[PDB]
Amino acid sequence: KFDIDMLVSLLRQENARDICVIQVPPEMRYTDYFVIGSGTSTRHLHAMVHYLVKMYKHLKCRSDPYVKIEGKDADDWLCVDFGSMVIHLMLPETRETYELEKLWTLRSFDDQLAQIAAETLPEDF
Amino acid sequence: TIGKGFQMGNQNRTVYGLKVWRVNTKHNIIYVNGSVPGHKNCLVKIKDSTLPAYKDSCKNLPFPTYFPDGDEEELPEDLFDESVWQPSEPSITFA
Amino acid sequence: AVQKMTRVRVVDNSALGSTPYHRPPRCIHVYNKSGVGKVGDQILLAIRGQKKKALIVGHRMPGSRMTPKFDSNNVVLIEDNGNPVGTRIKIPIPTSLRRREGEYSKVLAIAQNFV
Amino acid sequence: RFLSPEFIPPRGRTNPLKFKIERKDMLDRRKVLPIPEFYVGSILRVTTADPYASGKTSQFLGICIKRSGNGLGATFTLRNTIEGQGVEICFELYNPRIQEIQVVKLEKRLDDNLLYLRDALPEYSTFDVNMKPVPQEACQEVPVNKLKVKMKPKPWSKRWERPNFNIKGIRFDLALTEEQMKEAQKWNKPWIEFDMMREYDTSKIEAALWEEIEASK
Amino acid sequence: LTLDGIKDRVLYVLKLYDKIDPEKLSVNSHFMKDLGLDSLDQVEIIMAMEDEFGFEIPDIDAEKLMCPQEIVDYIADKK
Amino acid sequence: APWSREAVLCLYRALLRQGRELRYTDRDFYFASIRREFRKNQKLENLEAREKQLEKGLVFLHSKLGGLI
RNA sequence: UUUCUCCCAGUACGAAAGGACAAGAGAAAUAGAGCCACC
RNA sequence: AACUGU
């Protein structure tokens, strides 16, 4: 079957510059594993993203339906949603700016979380 | 259909392609997906699906009808579809 | 239930959203075949005199059973390229967006709080 | 003897056989999943299987604010404020995806419906998700919280001040003048409390249900 | 174990680190003053030594060493 | 500066060991980022603020690299 | 009732570039006929 | 401009 270990090994084969994997406890109602990936260029991002899905489709998953690829339009961030794992593939410079690893390592303590601000909705007159 | 008076209704209508989820043999209750025209406690006419896909479903069913008098094999009191989760079954965990 | 007008709250760290502004927000367009916008539905929001795509993450309309009814309308901005405008989301976000049809992994990859 | 509301049938022309069949499924399911006794105002933690997540369960804690439905389709709603966001989740008692039900704090509130807590101050509605279960006395009635919540500015989701709602858990005096109550009282409909045509008795039905439920056990 | 081997190997791991300038990387090279190391700077300096020789050095006495020969002695007696 | 500078040596060293014990992620990025974390933050901090940073790292150390897998 | 996506399949075809059918599945939308377990 | 079944 298609599992975490198989994909990461495939990620190594296609030479992902950055791979980060965060497991999630059952209490949180989200994916068991969240994965963050990197690639040098958009062309590399497209190639690696396609490779994982192509390997996924070939590697059993007959019970599971085909997985559509998200973010291919963006040249800097591509994300593929598999059954038990989600891999987000981006550029190294794009990776550090978003700091996805901080989000999951620090579930609610990430620094950029505080940077969010609010707005208003008052009656004009 | 339910009549609404001058405003309507009270017209014969048919709903097609309703699957059966379960049948209670003791009380002869059939559990059918979807809604059926008419009010509660209203008599309805039930016949095998006439859709082209289900042209010949009686081959795997009692061809003339089910005869309890024959008693070839006593049926369970409650008949369930495979997907249906029977009560008293373990709580479903999405694994 | 996001629809015409419908004062909304921009849950994002985007510069336009983050900066306070006097004008109440009048959402323009709902990116759906139907006219009603619910959680996970793309919408167009006017912020700071500019138009930016937004993704609904909460609504005050009564919802289906076994789900939490939010007390405020929450949205997240998404760029044209598909990447979120803001790098962080503060309000708790339902995790149903993952299974919802569409591209929601990026926004979920930006949502710290999940309920 | 605490008879759960769902077992009590409502008046109507529905076949009694349906209730008997529905009760059998309810009673059989209760063996699989234990449904603890609780009342509106009690804080509960409910374990439910997560469909969106894969092989993961979660527990949600909130104060029970409303009970609705009957039979196998009965549902209960518990409210809480999480990350400053008020959330109300309607849990169906007999849904197979509810793994377990825990009454963290078994208690009652002034009103049988706590929807007005949305208009009340957030602190009255804020409850810690990780709060541990508090002790309970079996040979006692559930504790009744008589604290009167303070409302937010006059514009509310519903006009609780009206006699129709007749909420006894709201500090109307602080936020409403006596004249405003008189305006609200214009909808008193005093004849309604005196009308015997709107009275439905289930005491005999409730008593009969108890033996049937215990007999199934 | 060879004391000279540790002395030049300890010096080697000190030499490996780039931030510190080995203007005078003697066997008695000091850290706080000779190398001008902050409280954190000495940390990674010990860490490079720890990696080479099997770590297991605790800081309770490591920050007291203050020179490669002193850690050399501490390495020598613990191996 | 720190409440105890000894924790830092134990804290930092374990991170490097975990990187060599961290298979699924890219070891190269983990090493550079972790060294940045110490260099970016520990240069200047206050005792109270430093306590939070070191405390989170200690839990980060003691919880299988804080969930990094 | 109509539309979109998927699948078939990066296959057929084609020097490459590029890129299908039909059959099947899933999503919606509207129209029509209904329904009240839930909201 | 808000307000409200306009």
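All Cβ positions, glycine included, derive from the backbone under ideal geometry; neighbour counts span all protein chains shown. The numbers here are math on the coordinates, done by the rules we state, and not lab data.
To the nearest whole percent, what portion of all C-alpha pairs in chain A is separated by more than 24 angstrom?
Every Cα pair in chain A considered, those over 24 Å come to 34 percent.
Dimensions of the range D:117-164 along principal axes (Cα, Å, largest first)?
The principal-axis extents, from largest down, are 40, 27, 14 Å.
Quote the relative contact order of chain A in percent (integer), defining contacts as alpha-carbon pairs under 8 Å separated by 6+ residues.
Working: 160 pairs, mean separation 31.2, N = 125.
It rounds to 25 percent for chain A.
Going by amide H atoms built from the backbone, whose H comes under 5 Å of the H on C:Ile89, apart from near neighbours?
Those lying under 5 Å, H to H, from C:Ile89 are C:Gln112.
Please tell me which of these pairs span more than 29 angstrom C-alpha to C-alpha: A:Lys68/F:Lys56; C:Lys90/D:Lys152; A:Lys60/C:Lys52; C:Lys4/C:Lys106; D:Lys18/D:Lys189; C:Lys106/D:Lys154?
A:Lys68/F:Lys56; A:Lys60/C:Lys52; D:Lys18/D:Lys189; C:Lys106/D:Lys154
Consider just the alpha-carbon atoms of chain C and return their Rg together with their Dmax, both in angstrom.
Calculated on Cα positions, Rg and Dmax stand at 12.9, 38 Å.
Does the range A:62-124 come out rounded, prolate or oblate by the C-alpha gyration tensor, with a ≥ b ≥ c the root eigenvalues, rounded set by a/c under 1.5 and, if not, prolate when a/b is larger than b/c and oblate if not?
Since a/c reaches 1.5 and a/b is larger than b/c, the shape of the range A:62-124 is classed as prolate.
If you place +1 on the Cβ of every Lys and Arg and -1 on the Cβ of every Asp and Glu, how big does the dipole about the Cα centre of chain E come out, in debye to the nearest 20?
Magnitude of the dipole: close to 240 debye.
Determine, for D:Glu179, D:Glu6, F:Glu51, B:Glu82, the number of other Cβ atoms within 10 Å of each Cβ, and report the residues in order from fewest to most.
B:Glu82, D:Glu179, F:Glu51, D:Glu6
Suppose each label sits 7 Å from its Cα in the direction of the beta carbon; what would the B:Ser49-A:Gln23 distance come out to in nanometres?
It works out to 4.5 nm between the two label points.
Given only helices, namely DSSP H runs of n ≥ 4 each adding -39500 (n - 2.57), what is the per-residue ellipticity at 222 nm of chain D, to the nearest 500 deg cm²/dmol?
The helix-only estimate for chain D comes to -6500 deg cm²/dmol at 222 nm.
Do me a favour and compute the ellipsoid semi-axes for chain E from its Cα gyration tensor, root of five times each eigenvalue, largest one first, whole Å.
Result for chain E: semi-axes of 18, 14, 11 Å.
Summing -39500 (n - 2.57) over the DSSP H runs of n ≥ 4 in chain A and dividing by its residue number, what mean residue ellipticity at 222 nm do you reach, to the nearest 500 deg cm²/dmol?
On the way: 5 runs with 44 residues, N = 125.
My calculation for chain A gives -10000 deg cm²/dmol from helical runs alone.
With contacts defined as alpha carbon pairs under 8 Å and 6 or more residues apart, what's the relative contact order of chain E in percent? Could you put the intermediate results ahead of the total?
Numbers: 59 pairs, mean separation 31.4, N = 79.
Normalised by residue count, the contact order of chain E is 40 percent.
FRET efficiency for A:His58 and E:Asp4, Cβ-Cβ distance as r, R0 = 51 Å, nearest 0.05?
So the FRET efficiency works out to roughly 0.30.
What is the fewest-to-most order of D:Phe194, D:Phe60 by other Cβ atoms lying within 10 Å of their Cβ?
Result, fewest neighbours first: D:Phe194, D:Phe60.
Give me the three principal axis extents of the range A:24-73 from the C-alpha atoms, as integers in angstrom, largest value leading.
37, 25, 17
What is the Cα centroid distance between the range E:1-30 and the range D:92-138, reported in whole angstrom?
65 Å
How many percent of the alpha carbon pairs in the protein assembly as shown exceed a separation of 48 Å?
Every Cα pair in the protein assembly as shown considered, those over 48 Å come to 36 percent.
For chain F, just the Cα set please: Rg and Dmax, both in angstrom.
12.0, 36
Once the cut-off is 20 Å, how many percent of the Cα-Cα pairs in chain B end up in the long-distance tail?
56 percent
Report the FRET efficiency, 1/(1 + (r/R0)^6), for B:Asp81 and E:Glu23, where r is their Cβ-Cβ distance and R0 is 60 Å, rounded to 0.05.
Plugging the Cβ-Cβ distance into 1/(1 + (r/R0)^6) gives 0.10.
Using R₀ = 51 Å, calculate the FRET efficiency as 1/(1 + (r/R₀)^6) where r is the Cβ-Cβ separation of D:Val32 and F:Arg23; round to 0.05.
Between D:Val32 and F:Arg23 the formula returns 0.80.
Could you size up the charge dipole of chain B around its Cα centre, putting +1 on the beta carbon of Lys and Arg and -1 on that of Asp and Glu, and report it in debye to the nearest 20?
Working: 10 positive and 12 negative charges, 193 e Å.
Once rounded to the nearest 20, the dipole reads 920 debye.
Give the Kirkwood hydrodynamic radius (Å, one decimal) of chain D, defined as one over the mean of 1/r across all pairs of different Cα atoms.
Over chain D, the inverse of the mean reciprocal pair distance is 19.5 Å.
So which chymotrypsin sites (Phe, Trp or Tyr not before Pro) in the range B:9-95 end up in coil per DSSP with only 15 or fewer other C-beta atoms within 10 Å? Can you show the working numbers first?
Working: sites: B:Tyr16, B:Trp21, B:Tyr31, B:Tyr54, B:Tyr66, B:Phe80, B:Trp85, B:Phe94; in loops: B:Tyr16, B:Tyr54, B:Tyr66, B:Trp85, B:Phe94.
Here the sparse-neighbourhood loop sites are B:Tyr16, B:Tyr54, B:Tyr66, B:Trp85, B:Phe94.
Return a whole-number percent for the relative contact order of chain C, with Cα pairs under 8 Å and 6 or more residues apart as the contact set.
23 percent
Calculate one ³J(HN,Hα) per residue across the range D:207-213 by plugging θ = phi - 60° into the Karplus curve 6.51 cos²θ - 1.76 cosθ + 1.60, and present them in order as whole Hz with x for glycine and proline.
4, 4, 4, 4, 5, 4, 5
Label point 7 Å out from C:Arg99 along Cα-to-Cβ: which residues of the range D:45-61 have amide N under 14 Å?
Output list for this probe position: D:48-58.
Taking other Cβ within 10 Å of each residue's Cβ, how do C:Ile89, D:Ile35 sort, fewest first?
Working: C:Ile89 27, D:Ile35 16.
Ranked by crowding around the Cβ, least crowded first: D:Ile35, C:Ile89.
Give me the compactness ratio for the range D:81-148, meaning the Cα radius of gyration over 2.2 N^0.38 Å.
1.26
Can you tally the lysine pairs in chain E where the Cα-Cα distance is under 14 Å and the two residues are eight or more apart, or on different chains?
4
With each pseudo-label sitting 7 Å past Cα toward Cβ, what's the A:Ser84-D:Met197 distance in nm, one decimal?
Each label point lies 7 Å from its Cα, and together they span 6.5 nm.
I need the trypsin sites (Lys or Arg not before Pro) found in the range C:1-68, filtered to DSSP loop residues with at most 11 other beta carbons within 10 Å of theirs.
Qualifying residues, ordered by number: C:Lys4, C:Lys33.
Just tell me which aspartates and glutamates come within less than 12 Å, Cα to Cα, of A:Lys1; anything on the same chain fewer than 8 places away is out.
Output for A:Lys1: A:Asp64.
Would you work out the charge dipole size for the range D:164-217 about its Cα centre, treating the Cβ of every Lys and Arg as +1 and the Cβ of every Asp and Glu as -1, and quote it to the nearest 20 debye?
Values: 8 positive and 12 negative charges, 48 e Å.
I would put it at about 240 debye.
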